[PDB]
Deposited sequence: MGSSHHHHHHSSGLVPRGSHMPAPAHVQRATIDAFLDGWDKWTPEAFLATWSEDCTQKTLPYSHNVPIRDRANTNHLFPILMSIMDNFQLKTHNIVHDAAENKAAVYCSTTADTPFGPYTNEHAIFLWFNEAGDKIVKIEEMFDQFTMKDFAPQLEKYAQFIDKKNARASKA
C-alpha cells in the first residue's frame, strides 16, 4: 500500500485526495483519472523548464500508453498537506517501476485544487525528479509516437 509508512468540508476533499492517491497506486487509466474533472489541466514545474500545460484530451491519450510501459509500479506517499479552507492540497510522493528503458524511479511534489463540490480535482501542478525526466521524457515521447503510427495504420 502507498500510505504504509505514513468550499466543501474537509473530510470530503480528503476523500478525493485519498481516491486520487489510491487510483494512482492502482495504476490504471480509469482508476487514476476518476478524480480528475473534465477540464483538469496538468502543468509541469518548474516554470523555467517551459513544459506546456496539458489538457485532459492529451492526458487521456498519454496515460494508457505510459501505464502500459511501467510494470511493477509502486507508489509511496511521504507527506499530505491539506488546506481545506483554501480547497487545495499538496502531496509528496515517490515511485518505482520497470520500463522498456530500464529501471525507473521518480519523485513528485504535487499541488492540487478541487472543484466547488470537492469531489473532483480541477488543476494539477507538479515538480519531478528532473534527472529522471531528462532521459524518460523523450523516451516516452518516442514510444507514444510509435504507438500512434501503429494504431493509425490499423
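*Asks:* Could you list, start to end, the deposited-sequence stretches with no C-alpha atoms?
*Replies:* Counting from residue 1, the stretches without coordinates are 1-8, 15-21, 170-172.
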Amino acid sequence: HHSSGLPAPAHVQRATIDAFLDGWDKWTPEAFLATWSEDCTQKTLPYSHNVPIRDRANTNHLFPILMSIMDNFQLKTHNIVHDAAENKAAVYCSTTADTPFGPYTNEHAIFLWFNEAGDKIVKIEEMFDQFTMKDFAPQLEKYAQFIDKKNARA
From here on, numbers count along this sequence of modelled residues.
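*Asks:* State which stretch shows the higher mean Cα B factor in the entry: 40-48 or 110-118.
*Replies:* Between 110-118 and 40-48, it is 110-118 that shows the higher mean C-alpha B-factor.
*Asks:* Could you settle it for me: does 127-135 or 8-16 have the higher average Cα B factor in the PDB entry?
*Replies:* Averaging CA B-factors over each stretch, the winner is 8-16.
*Asks:* Among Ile53, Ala34, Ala97, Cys93, single out the one with the highest C-alpha B factor in the record, please.
*Replies:* The record points to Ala34.
*Asks:* Going by what the PDB entry lists, where does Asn87 fall on CA B-factor within its chain: lowest, middle or highest third?
*Replies:* Its C-alpha B-factor belongs to the highest third of this chain's values.
*Asks:* Comparing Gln74 with the other modelled residues of its chain, is its CA B-factor in the lowest, middle or highest third?
*Replies:* Middle third by C-alpha B-factor.
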